[PDB]
Q: 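What follows is a single structure, and I will ask about it in a moment.
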Amino acid sequence: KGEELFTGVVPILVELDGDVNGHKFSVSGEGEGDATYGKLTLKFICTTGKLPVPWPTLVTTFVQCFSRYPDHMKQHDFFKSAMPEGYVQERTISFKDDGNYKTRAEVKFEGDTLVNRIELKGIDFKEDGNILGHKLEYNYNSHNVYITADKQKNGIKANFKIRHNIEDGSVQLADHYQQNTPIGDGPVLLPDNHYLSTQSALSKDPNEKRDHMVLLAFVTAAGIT
């Protein structure tokens, strides 16, 4: 069973290779997660230099297996049940009146460490828009991730809207469409409709000189009974 692997503190590694409008970049992330409290503590560093997109735009891409599923909802946790073999997470992030990100992530265990290997492809962005023009505030609003089952591919589907805060007080919408399918041929939990209550706090490490992001997140499942 996959949930038994999440009863304690599990180390996390995140590696991303990106390409947004021709601007190639790499990000290396480290940290730890505690699923019993749905707590995530992560630090990301841009290894290729300076990040060509704002850090808040990449938070969703940067391990829902650390979500806290209440006891009565434990039969609906797809994420943990796909482990140790894992799942392939694919997203189409559509920024309103701007471009889009197309992601492909492999989330699985490498020893006692949970790894997220991601490949991001961003296209059709405006050079003067909120993303490439770096007009977004360094924060993150609370939101809900709506999950639905996909029996045909033996995984799940997810739909949600992210509201990024612009420097002028406005809102940059980022619609998310998500598909997760298991890597292993092992049994997975196909869920009923529910949601993940997400909360994220973004900060900086005062001693770090490289382009980075420190993230603190809390994710809890709800919407049933």
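Note that these values count all heavy atoms, side chains included, but never hydrogens, waters or copies made by symmetry. For this chain, numbers begin at 1 and follow the sequence in order.
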Q: Between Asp34 (side chain only) and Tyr37 (backbone N and O only), is there a donor and an acceptor less than 3.5 Å apart?
A: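 It does not hold such a pair.
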
Q: Ignoring hydrogens and geometry, is there a side-chain-to-backbone donor-acceptor pair from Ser200 to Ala217 under 3.5 Å?
A: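 No: the side chain of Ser200 does not pair with the backbone of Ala217.
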
Q: Show the nearest heavy-atom pair for residues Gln64 and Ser67, with the distance to one decimal.
A: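 In this case the closest contact between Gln64 and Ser67 is O-OG, 2.7 Å.
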
Q: Can the positive tip of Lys204 be found less than 6.0 Å from the middle of the six-membered ring of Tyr138, inside 45° of the ring normal?
A: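 Positive - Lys204 is close enough to the ring of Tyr138 and near enough to its axis.
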
Q: Just by modelled atom types, is the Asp124 backbone N or O under 3.5 Å from a matching donor or acceptor in the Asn21 side chain?
A: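 Looks like yes, one N/O pair under 3.5 Å.
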
Q: Counting only heavy atoms from other residues, nucleotides and ligands, does the tally under 6.0 Å from NZ of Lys157 exceed 12?
A: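 More than 12 within 6.0 Å, yes.
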
Q: Between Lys126 (side chain only) and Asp97 (backbone N and O only), is there a donor and an acceptor less than 3.5 Å apart?
A: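 A pair under 3.5 Å: yes.
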
Q: Salt bridge check: are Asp211 and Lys50 linked by an N-O gap of less than 4.0 Å?
A: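 Looking at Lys50 together with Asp211, the answer is no, because their closest N to O distance does not fall below 4.0 Å.
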
Q: Can we say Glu90 and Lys102 salt-bridge, meaning some charged N sits less than 4.0 Å from an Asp/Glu carboxylate O?
A: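 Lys102 and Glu90: not salt-bridged.
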
Q: Could you tell me the separation between the CZ atom of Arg210 and the OG1 atom of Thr47, rounded to the nearest 0.5 Å?
A: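 Reported value, rounded in 0.5 Å steps: 9.0 Å.
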
Q: Fit a plane to each ring of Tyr87 and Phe78, take the angle between them on a 0 to 90° scale, and name the class: parallel (under 30°), tilted (30 to 60°) or perpendicular (over 60°).
A: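 Taking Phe78 first and then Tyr87, their aromatic rings sit tilted (interplane angle of 30° to 60°).
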
Q: Going through the checks in order, is the salt bridge (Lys or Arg N to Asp or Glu O under 4.0 Å) test met by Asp77 and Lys80?
A: CA-CA 6 Å; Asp77 195 345; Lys80 293 184 188 58; 2.8 Å; yes

Q: What pair of heavy atoms forms the shortest contact from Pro52 to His134, and how long is it?
A: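 Closest heavy-atom pair between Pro52 and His134: O-NE2, 3.2 Å.
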
Q: Establish, from distance only, whether the side-chain atoms of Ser94 and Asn100 form a donor-acceptor pair under 3.5 Å.
A: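 Absent: no donor and acceptor within the cut-off.
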
Q: Can you give me the closest heavy-atom contact between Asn130 and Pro54, atom names plus distance?
A: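 Heavy atoms of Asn130 and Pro54 come nearest at O-CG, 4.2 Å.
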
Q: Are the side chains of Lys108 and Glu85 in contact, using a 4.5 Å heavy-atom criterion?
A: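 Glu85 does not reach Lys108 side chain to side chain.
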
Q: Can we call the ring centroids of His194 and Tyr69 under 6.0 Å apart?
A: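 Ring centroids of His194 and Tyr69 are less than 6.0 Å from each other.
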
Q: Starting at NE2 of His164, measure out to CD1 of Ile131 and round the result to the nearest 0.5 Å.
A: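 Going from the NE2 atom of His164 to the CD1 atom of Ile131 covers 7.5 Å.
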
Q: Might you confirm whether atom CD of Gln75 has over 12 heavy atoms from other residues, nucleotides or ligands at distances under 6.0 Å?
A: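 Not more than 12 within 6.0 Å, no.
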
Q: Hey, could you give me the CZ/CG distance between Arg91 and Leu120, rounded to the nearest 0.5 Å?
A: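 Between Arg91 CZ and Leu120 CG, I get 11.0 Å after rounding to 0.5 Å.
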
Q: Can you find a heavy atom in the side chain of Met213 that is under 4.5 Å from one in the side chain of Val59?
A: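 Yes; the side chains approach each other to less than 4.5 Å.
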
Q: Nearest heavy-atom pair of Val145 and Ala158: which atoms, and what distance?
A: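 Nearest heavy atoms, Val145 then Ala158: CG1-CB, 4.2 Å.
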
Q: Side-chain heavy atoms under 4.5 angstrom apart, residues restricted to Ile, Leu, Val, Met, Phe, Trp, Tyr: same cluster for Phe79 and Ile118?
A: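 Cluster IDs for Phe79 and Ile118 match.
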
Q: Looking at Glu119, I want to see if its CD is surrounded by more than 12 non-hydrogen atoms of other residues, nucleotides or ligands under 6.0 Å.
A: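 Open.
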
Q: State which residues pass ring-ring contact (aromatic ring centres under 6.0 Å, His included) with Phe25; sequence neighbours excluded, sorted by chain then number.
A: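 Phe25 satisfies ring-ring contact (aromatic ring centres under 6.0 Å, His included) with no other residue.
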
Q: Check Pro191 against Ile147 and note the closest heavy-atom contact, atom names and distance.
A: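 That would be CG-CG2, 4.3 Å.
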
Q: With the threshold set at 4.0 Å, does a side-chain nitrogen-carboxylate oxygen contact exist between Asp175 and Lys161?
A: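 Judged by the 4.0 Å cut-off on N to carboxylate O distance, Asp175 and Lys161 do form a salt bridge.
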
Q: Could you tell me whether the side chain of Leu5 reaches within less than 4.5 Å of the side chain of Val10, counting heavy atoms only?
A: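 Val10 vs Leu5: side chains apart.
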
Q: So for atom CD, which belongs to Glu4, do other residues, nucleotides or ligands contribute more than 12 heavy atoms lying within a distance under 6.0 Å?
A: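 Result for CD/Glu4: enclosed.
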
Q: Using 0.5 Å steps for rounding, measure from the OH atom of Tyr177 to the OG1 atom of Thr92.
A: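 Spacing of OH (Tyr177) from OG1 (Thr92) equals 8.5 Å.
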
Q: Test of understanding: clusters of I, L, V, M, F, W, Y form through side-chain heavy atoms closer than 4.5 Å, transitively. Do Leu136 and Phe62 belong to the same one?
A: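 Not linked; separate clusters.
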
Q: Is the distance between the ring centroids of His143 and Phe160 less than 6.0 Å?
A: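 That pair passes the under 6.0 Å test.
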
Q: Would a single hydrophobic cluster contain both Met73 and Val188, if residues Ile, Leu, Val, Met, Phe, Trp and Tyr are joined by side-chain heavy-atom contacts under 4.5 Å?
A: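 Same cluster.
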
Q: Judged by atom type as modelled, is there a donor-acceptor pair below 3.5 Å linking the side chain of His176 to the main-chain atoms of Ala174?
A: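 Checking the backbone N and O of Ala174 against the side chain of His176, a donor-acceptor pair under 3.5 Å is found.
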
Q: Strictly distance-based, threshold 3.5 Å: is any side-chain N or O of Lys24 a donor or acceptor partner for the main-chain N or O of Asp17?
A: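 Not at all, since once roles are kept as given, no pair shorter than 3.5 Å links the two residues.
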
Q: Looking only at the side chains, is there a donor atom on one of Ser28 and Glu15 sitting less than 3.5 Å from an acceptor on the other?
A: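 Distance-only check passes for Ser28 and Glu15.
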
Q: For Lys153, is the NZ atom crowded, meaning more than 12 foreign heavy atoms sit under 6.0 Å from it?
A: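 Counting other residues, nucleotides and ligands, NZ of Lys153 stays at 12 neighbours or fewer.
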
Q: Nearest 0.5 Å, please: how far is CZ in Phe218 from CZ in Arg68?
A: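 Rounded to the nearest 0.5 Å, the CZ-CZ separation comes out at 12.0 Å.
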
Q: Enter the distance from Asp150:CG to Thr148:OG1 here, rounded to the nearest 0.5 Å.
A: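 Going from CG on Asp150 over to OG1 on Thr148, the span is 9.5 Å.
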
Q: Please confirm whether the backbone N or O of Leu189 pairs with a side-chain atom of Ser81, one donor and one acceptor, at under 3.5 Å?
A: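 Answer holds: yes.
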
Q: If you define the side chain from C-beta out and look only at heavy atoms, does anything of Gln178 sit under 4.5 Å from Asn159?
A: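 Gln178 does not reach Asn159 side chain to side chain.
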
Q: Sort out for me which residue in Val63, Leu13, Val14, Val107 forms a side chain to side chain contact (heavy atoms under 4.5 Å, CB included) with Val115.
A: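 Single side chain to side chain contact (heavy atoms under 4.5 Å, CB included) partner of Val115 among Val63, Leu13, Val14, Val107: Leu13.
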
Q: For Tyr101, what residues pass the ring-ring contact (aromatic ring centres under 6.0 Å, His included) criterion, not counting sequence neighbours?
A: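 Partners of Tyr101 by the ring-ring contact (aromatic ring centres under 6.0 Å, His included) criterion, ordered by chain and then number, come out as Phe95, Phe125.
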
Q: Please name the residue in the list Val27, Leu16, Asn116 that meets the side chain to side chain contact (heavy atoms under 4.5 Å, CB included) test with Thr61.
A: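 For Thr61, the side chain to side chain contact (heavy atoms under 4.5 Å, CB included) test succeeds with only one of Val27, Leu16, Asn116, which is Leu16.
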
Q: Test of understanding: clusters of I, L, V, M, F, W, Y form through side-chain heavy atoms closer than 4.5 Å, transitively. Do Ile224 and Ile156 belong to the same one?
A: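 As far as the 4.5 Å side-chain criterion goes, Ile156 and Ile224 are connected within one cluster.
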
Q: For the CG atom on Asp112, are there more than 12 heavy atoms of other groups (residues, nucleotides or ligands in this structure) within a distance under 6.0 Å?
A: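 Incorrect, the count does not exceed 12.
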
Q: Can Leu202 be reached from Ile93 by stepping across I, L, V, M, F, W or Y side chains whose heavy atoms are under 4.5 Å apart?
A: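 In one cluster with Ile93: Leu202, yes.
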
Q: Could you check whether atom NZ of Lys39 has more than 12 heavy atoms from other residues, nucleotides or ligands sitting under 6.0 Å from it?
A: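 Incorrect, the count does not exceed 12.
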
Q: Given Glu137 and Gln172, is the side chain to side chain donor-acceptor pair (under 3.5 Å) satisfied, shown in steps?
A: CA-CA 11 Å; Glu137 293 178 358; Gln172 171 61 74; over 6 Å; no

Q: Test ring pair (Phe, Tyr, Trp, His ring centres under 6.0 Å) on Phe109 and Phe6 and set out the steps.
A: CA-CA 11 Å; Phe109 270 93; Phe6 292 93; 5.5 Å; yes

Q: Minimum heavy-atom separation for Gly33 to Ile12, with atom names?
A: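 In this case the closest contact between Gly33 and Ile12 is N-CD1, 3.5 Å.
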
Q: Salt bridge (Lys or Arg N to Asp or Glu O under 4.0 Å), that's the test. Do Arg104 and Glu106 meet it? Break it down for me.
A: CA-CA 7 Å; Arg104 192 186 182 279; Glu106 269 185 53; 3.4 Å; yes

